[PDB]
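Engineer: Before I ask anything, here is the structure I am working with.
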Amino acid sequence: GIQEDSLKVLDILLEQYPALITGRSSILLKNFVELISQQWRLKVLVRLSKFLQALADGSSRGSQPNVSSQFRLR
Amino acid sequence: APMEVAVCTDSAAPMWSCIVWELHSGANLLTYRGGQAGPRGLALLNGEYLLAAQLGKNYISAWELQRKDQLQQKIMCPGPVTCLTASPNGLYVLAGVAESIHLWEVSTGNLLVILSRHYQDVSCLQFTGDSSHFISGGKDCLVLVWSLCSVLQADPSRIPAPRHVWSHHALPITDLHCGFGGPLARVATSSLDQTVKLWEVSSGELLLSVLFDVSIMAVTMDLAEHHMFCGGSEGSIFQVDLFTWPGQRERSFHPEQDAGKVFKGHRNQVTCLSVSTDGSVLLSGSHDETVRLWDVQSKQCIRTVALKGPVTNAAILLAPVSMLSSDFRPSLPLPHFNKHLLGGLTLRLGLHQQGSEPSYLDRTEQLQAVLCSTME
């Protein structure tokens, strides 16, 4: 019950500032795997797709010399 | 000093069919007698044979350079020949039949491949100045860049495809000019939609889209790509300056100056242009039965040689040893050009070392070494 309470919180602030949720994700993706590793698993998957959609939506949103080179001595 | 000639042909041919007259003297050098020529249908082969197409008929004549009379060899094609072009080295003769791009070989005489991608007639055929690529364009508003390597060593069951498909025009093409180079050259295709575009043959990209007022029917460029003399459908010979470069990709002529960059004096179309070597006299044909030389530096006429009937082909060459000499029997006879699709090379050896003979000091040193060795 504690985990499902926190899981609801994630859907709350996801709507309002969807861009900045993906900044410090790192750990959170693992946490989704940790609990799962039926119906309880289903409710996790509802916003897990919304979670993965956040990265996709967040990340998605002659006459010039053309002489700049990308070779670097490093 | 070198010698510059100006090959001219007329579409009526009452007496002559290809008159060669000196540039700065106006005197005749060589004439030829035979059937009428064809637009974009003249090409010197190896500097020895003057092949020419035929207007309307489907075959190609062949004149030996030092002979006023037609030879008995006639290249035959299964359809109306439209344009012809011989490769600069002289190894390959390539002609266009209806929509096909029939390709021959001068050495053996075979017919290697018959390429066929245009959807309508082919009305221009040019070879890049090192005979590595040949650009073909036709009345389907398409300009294709083939490659002499891929279209020769392709499997009989591989149907070779063009390297680049340039489709930006909206009306039939009329002329091309492939500059020096090879895989670094630049093409200057021109269509009937009042545009003259300069492409790149290395990557295949547009570079310039000058839009004129009247339909362009001939484009030529200075050998160093300094000027782009685009003909007109009314008589004017417009001139674009590629080294001033206002700095855009889609220009327009009237904002690009006027009345000081236009050759005038013609009364009909100009389906012929060619710039001399140094770049100071421009030769232009027309449809008003006149071939006149210009003065590109000062936009003035020099002479107004008048042919009979419309002018089909006109260009300025650098007179080879053939025209200067009086006999010059050709090195190799023209073979039997086949008309059906297919080792045995026919060539003269001992030409990769011409002049690589020992010098005087080398022979003297060898003789002295022999003497010294004999003394010991």
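Simple scheme: letters A, B, ... for chains in structure tokens order, numbers from 1 for residues in each chain, numbers from 1 for ligands in the order shown.
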Give me, as a Markdown table, each residue of chain B that comes within 10 Å of chain A, together with its shortest interatomic pair and the distance in Å at one decimal, counting only C-alpha atoms, with rows ordered by chain and rising residue number.
Structural biologist:
| residue | atom | partner | partner_atom | distance |
| --- | --- | --- | --- | --- |
| B:200 | CA | A:62 | CA | 9.8 |
| B:205 | CA | A:62 | CA | 8.3 |
| B:206 | CA | A:62 | CA | 7.5 |
| B:207 | CA | A:62 | CA | 5.3 |
| B:208 | CA | A:62 | CA | 8.1 |
| B:245 | CA | A:63 | CA | 9.2 |
| B:246 | CA | A:63 | CA | 9.8 |
| B:247 | CA | A:63 | CA | 6.3 |
| B:248 | CA | A:63 | CA | 6.1 |
| B:249 | CA | A:63 | CA | 6.6 |
Engineer: Please dump the current selection as an mmCIF file, in the first residue's frame; keep N, CA, C and O atoms.
Structural biologist:
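Produced file selection.cif, reproduced below:
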data_model
loop_
_atom_site.group_PDB
_atom_site.id
_atom_site.type_symbol
_atom_site.label_atom_id
_atom_site.label_comp_id
_atom_site.auth_asym_id
_atom_site.auth_seq_id
_atom_site.Cartn_x
_atom_site.Cartn_y
_atom_site.Cartn_z
ATOM 1 N N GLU B 200 26.450 19.985 -58.915
ATOM 2 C CA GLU B 200 27.734 19.424 -58.519
ATOM 3 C C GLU B 200 27.716 17.928 -58.792
ATOM 4 O O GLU B 200 26.774 17.236 -58.397
ATOM 5 N N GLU B 205 24.270 18.075 -55.641
ATOM 6 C CA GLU B 205 23.489 19.114 -54.989
ATOM 7 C C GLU B 205 23.369 20.332 -55.892
ATOM 8 O O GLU B 205 24.245 20.605 -56.717
ATOM 9 N N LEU B 206 22.268 21.059 -55.729
ATOM 10 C CA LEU B 206 22.092 22.328 -56.418
ATOM 11 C C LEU B 206 23.028 23.383 -55.840
ATOM 12 O O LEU B 206 23.382 23.352 -54.660
ATOM 13 N N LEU B 207 23.431 24.327 -56.689
ATOM 14 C CA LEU B 207 24.304 25.406 -56.248
ATOM 15 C C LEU B 207 23.780 26.765 -56.696
ATOM 16 O O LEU B 207 24.071 27.787 -56.065
ATOM 17 N N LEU B 208 23.008 26.791 -57.778
ATOM 18 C CA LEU B 208 22.574 28.050 -58.366
ATOM 19 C C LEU B 208 21.334 27.792 -59.207
ATOM 20 O O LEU B 208 21.214 26.734 -59.825
ATOM 21 N N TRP B 245 29.148 36.987 -57.159
ATOM 22 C CA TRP B 245 28.404 36.193 -56.186
ATOM 23 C C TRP B 245 27.674 37.048 -55.156
ATOM 24 O O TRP B 245 28.163 37.204 -54.030
ATOM 25 N N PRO B 246 26.535 37.651 -55.513
ATOM 26 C CA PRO B 246 25.749 38.395 -54.510
ATOM 27 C C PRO B 246 25.542 37.636 -53.205
ATOM 28 O O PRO B 246 25.516 38.260 -52.138
ATOM 29 N N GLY B 247 25.395 36.313 -53.256
ATOM 30 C CA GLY B 247 25.441 35.527 -52.038
ATOM 31 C C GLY B 247 24.204 34.719 -51.704
ATOM 32 O O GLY B 247 23.942 34.449 -50.529
ATOM 33 N N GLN B 248 23.434 34.322 -52.713
ATOM 34 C CA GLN B 248 22.237 33.521 -52.502
ATOM 35 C C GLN B 248 22.259 32.315 -53.436
ATOM 36 O O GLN B 248 23.207 32.106 -54.199
ATOM 37 N N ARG B 249 21.196 31.509 -53.366
ATOM 38 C CA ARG B 249 21.088 30.296 -54.163
ATOM 39 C C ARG B 249 20.053 30.383 -55.274
ATOM 40 O O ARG B 249 20.171 29.652 -56.260
#
Engineer: Looking only at strand (DSSP E or B) from DSSP on the backbone, list the matching residues of segment 88-161 of chain B as a list in words.
Structural biologist: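 Listing strand (DSSP E or B) positions across segment 88-161 of chain B yields residues 93, 94, 95, 96, 97, 100, 103, 104, 111, 112, 113, 122, 123, 124, 125, 126, 127, 134, 135, 136, 137, 138, 143, 144 and 145 of chain B.
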Engineer: Would you work out the distance separating atom CA of residue 103 of chain B from atom CA of residue 83 of chain B, expressed in Å to one decimal?
Structural biologist: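 Distance between the two atoms: 12.2 Å.
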Engineer: Pick out the residues sitting within 9 Å of segment 45-47 of chain B, and hand them over as number ranges by chain; count only C-alpha atoms, and ignore anything fewer than 6 positions along from it in its own chain.
Structural biologist: B: 65, 85-93, 106, 320-322
Engineer: Excluding same-chain residues fewer than 2 positions from segment 44-56 of chain A, what lies within 10 Å of it counting only C-alpha atoms, as a PyMOL selection string?
Structural biologist: chain A and resi 4+7-8+10-11+14-15+18-23+25+28-29+32-33+35-36+38-42+58-61
Engineer: Let me see the file: selected residues, C-alpha atoms, as a CSV table (one decimal), in the first residue's frame.
Structural biologist:
chain,number,residue,atom,x,y,z
A,4,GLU,CA,1.0,2.4,-4.5
A,7,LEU,CA,3.2,5.5,-7.4
A,8,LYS,CA,0.1,7.8,-7.5
A,10,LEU,CA,4.5,10.2,-9.6
A,11,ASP,CA,1.5,10.6,-12.0
A,14,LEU,CA,4.4,14.2,-14.3
A,15,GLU,CA,1.5,16.2,-15.8
A,18,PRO,CA,6.9,16.7,-17.7
A,19,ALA,CA,10.3,18.1,-19.1
A,20,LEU,CA,12.2,18.1,-15.8
A,21,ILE,CA,11.0,14.6,-14.5
A,22,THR,CA,13.5,13.0,-17.0
A,23,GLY,CA,16.5,14.9,-15.6
A,25,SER,CA,15.5,9.6,-13.6
A,28,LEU,CA,13.6,5.5,-10.7
A,29,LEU,CA,13.6,3.2,-13.8
A,32,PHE,CA,9.9,0.0,-11.3
A,33,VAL,CA,11.8,-3.3,-12.0
A,35,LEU,CA,8.9,-4.2,-7.2
A,36,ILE,CA,7.9,-6.4,-10.1
A,38,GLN,CA,-1.0,-9.5,-11.7
A,39,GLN,CA,-3.4,-6.6,-11.0
A,40,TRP,CA,-0.7,-5.0,-8.8
A,41,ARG,CA,1.7,-5.3,-11.7
A,42,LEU,CA,-0.9,-3.9,-14.1
A,58,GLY,CA,10.7,15.1,-23.8
A,59,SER,CA,13.6,14.3,-26.1
A,60,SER,CA,11.7,14.9,-29.3
A,61,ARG,CA,10.7,18.4,-28.2
Engineer: Identify, on the basis of only C-alpha atoms, every residue whose closest approach to residue 282 of chain B does not exceed 10 Å; exclude the query and any residue fewer than 2 positions from it along the same chain; express the result as a PDB file with N, CA and C atoms, in the first residue's frame.
Structural biologist:
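Writing done, so here's result-v1.pdb:
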ATOM      1  N   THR B 220      26.953  27.846 -71.955  1.00  0.00           N
ATOM      2  CA  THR B 220      28.373  27.540 -71.974  1.00  0.00           C
ATOM      3  C   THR B 220      29.039  28.293 -70.833  1.00  0.00           C
ATOM      4  N   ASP B 222      32.963  29.550 -68.982  1.00  0.00           N
ATOM      5  CA  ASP B 222      34.402  29.726 -69.084  1.00  0.00           C
ATOM      6  C   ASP B 222      35.108  28.537 -68.445  1.00  0.00           C
ATOM      7  N   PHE B 229      27.505  32.128 -69.843  1.00  0.00           N
ATOM      8  CA  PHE B 229      26.787  32.734 -70.962  1.00  0.00           C
ATOM      9  C   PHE B 229      25.577  31.871 -71.286  1.00  0.00           C
ATOM     10  N   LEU B 273      26.556  27.907 -78.373  1.00  0.00           N
ATOM     11  CA  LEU B 273      27.476  28.799 -77.683  1.00  0.00           C
ATOM     12  C   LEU B 273      28.770  28.050 -77.408  1.00  0.00           C
ATOM     13  N   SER B 274      29.876  28.792 -77.392  1.00  0.00           N
ATOM     14  CA  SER B 274      31.176  28.234 -77.045  1.00  0.00           C
ATOM     15  C   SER B 274      32.153  29.377 -76.823  1.00  0.00           C
ATOM     16  N   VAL B 275      32.942  29.276 -75.758  1.00  0.00           N
ATOM     17  CA  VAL B 275      33.933  30.286 -75.406  1.00  0.00           C
ATOM     18  C   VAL B 275      35.304  29.804 -75.851  1.00  0.00           C
ATOM     19  N   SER B 276      36.137  30.735 -76.308  1.00  0.00           N
ATOM     20  CA  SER B 276      37.476  30.393 -76.757  1.00  0.00           C
ATOM     21  C   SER B 276      38.347  29.990 -75.567  1.00  0.00           C
ATOM     22  N   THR B 277      39.605  29.657 -75.861  1.00  0.00           N
ATOM     23  CA  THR B 277      40.511  29.173 -74.824  1.00  0.00           C
ATOM     24  C   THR B 277      40.804  30.257 -73.794  1.00  0.00           C
ATOM     25  N   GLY B 279      39.395  33.068 -73.366  1.00  0.00           N
ATOM     26  CA  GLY B 279      38.177  33.635 -72.826  1.00  0.00           C
ATOM     27  C   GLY B 279      37.962  35.083 -73.210  1.00  0.00           C
ATOM     28  N   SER B 280      38.156  35.405 -74.488  1.00  0.00           N
ATOM     29  CA  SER B 280      37.992  36.768 -74.965  1.00  0.00           C
ATOM     30  C   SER B 280      37.137  36.882 -76.218  1.00  0.00           C
ATOM     31  N   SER B 284      28.679  32.140 -81.295  1.00  0.00           N
ATOM     32  CA  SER B 284      27.287  31.782 -81.063  1.00  0.00           C
ATOM     33  C   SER B 284      26.569  31.572 -82.384  1.00  0.00           C
ATOM     34  N   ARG B 292      28.085  34.566 -85.457  1.00  0.00           N
ATOM     35  CA  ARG B 292      28.833  35.789 -85.211  1.00  0.00           C
ATOM     36  C   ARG B 292      29.685  35.650 -83.960  1.00  0.00           C
ATOM     37  N   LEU B 293      30.854  36.286 -83.982  1.00  0.00           N
ATOM     38  CA  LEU B 293      31.781  36.268 -82.858  1.00  0.00           C
ATOM     39  C   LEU B 293      31.587  37.515 -82.008  1.00  0.00           C
ATOM     40  N   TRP B 294      31.621  37.343 -80.692  1.00  0.00           N
ATOM     41  CA  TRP B 294      31.465  38.450 -79.765  1.00  0.00           C
ATOM     42  C   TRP B 294      32.810  38.805 -79.132  1.00  0.00           C
ATOM     43  N   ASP B 295      32.780  39.778 -78.221  1.00  0.00           N
ATOM     44  CA  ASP B 295      33.978  40.391 -77.646  1.00  0.00           C
ATOM     45  C   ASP B 295      33.814  40.510 -76.131  1.00  0.00           C
ATOM     46  N   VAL B 296      33.600  39.367 -75.476  1.00  0.00           N
ATOM     47  CA  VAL B 296      33.024  39.240 -74.136  1.00  0.00           C
ATOM     48  C   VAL B 296      33.475  40.336 -73.176  1.00  0.00           C
ATOM     49  N   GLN B 297      34.719  40.790 -73.301  1.00  0.00           N
ATOM     50  CA  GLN B 297      35.225  41.869 -72.463  1.00  0.00           C
ATOM     51  C   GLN B 297      34.522  43.200 -72.722  1.00  0.00           C
ATOM     52  N   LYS B 299      31.500  43.390 -74.975  1.00  0.00           N
ATOM     53  CA  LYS B 299      30.133  43.141 -75.442  1.00  0.00           C
ATOM     54  C   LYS B 299      29.878  43.762 -76.816  1.00  0.00           C
ATOM     55  N   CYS B 301      30.234  43.099 -81.255  1.00  0.00           N
ATOM     56  CA  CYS B 301      30.393  42.137 -82.331  1.00  0.00           C
ATOM     57  C   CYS B 301      31.715  42.363 -83.061  1.00  0.00           C
ATOM     58  N   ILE B 302      32.201  41.307 -83.712  1.00  0.00           N
ATOM     59  CA  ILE B 302      33.438  41.346 -84.480  1.00  0.00           C
ATOM     60  C   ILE B 302      33.194  41.018 -85.948  1.00  0.00           C
ATOM     61  N   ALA B 315      31.000  25.430 -82.696  1.00  0.00           N
ATOM     62  CA  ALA B 315      31.882  25.365 -81.539  1.00  0.00           C
ATOM     63  C   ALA B 315      33.270  25.837 -81.943  1.00  0.00           C
ATOM     64  N   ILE B 316      34.085  26.133 -80.934  1.00  0.00           N
ATOM     65  CA  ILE B 316      35.457  26.591 -81.121  1.00  0.00           C
ATOM     66  C   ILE B 316      36.388  25.515 -80.582  1.00  0.00           C
TER      67      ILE B 316
END
Engineer: Could you give me the residues within chain A that DSSP places in helix (DSSP H, G or I), as a ChimeraX atom specification?
Structural biologist: /A:2-16,18-21,27-36,39-60
Engineer: Please provide as an NGL selection string all residues within 10 Å of residue 49 of chain B, with the sequence filter that same-chain residues fewer than 4 positions apart are discarded (counting only C-alpha atoms).
Structural biologist: :B and (43-45 or 62-67 or 322 or 330 or 333-334)
Engineer: Fewer than 3 positions away in the same chain doesn't count, so skip those; otherwise give me all residues within 8 Å of segment 72-81 of chain B, counting only C-alpha atoms, as an MDAnalysis selection string.
Structural biologist: chainID B and resid 53:54 56:62 84 95:98 336:339
Engineer: Using Å and a single decimal, report how far atom CA of residue 176 of chain B sits from atom CA of residue 300 of chain B.
Structural biologist: 25.3 Å
Engineer: For the atom pair atom CA of residue 183 of chain B and atom CA of residue 146 of chain B, what is the interatomic distance in Å to one decimal place?
Structural biologist: 11.6 Å
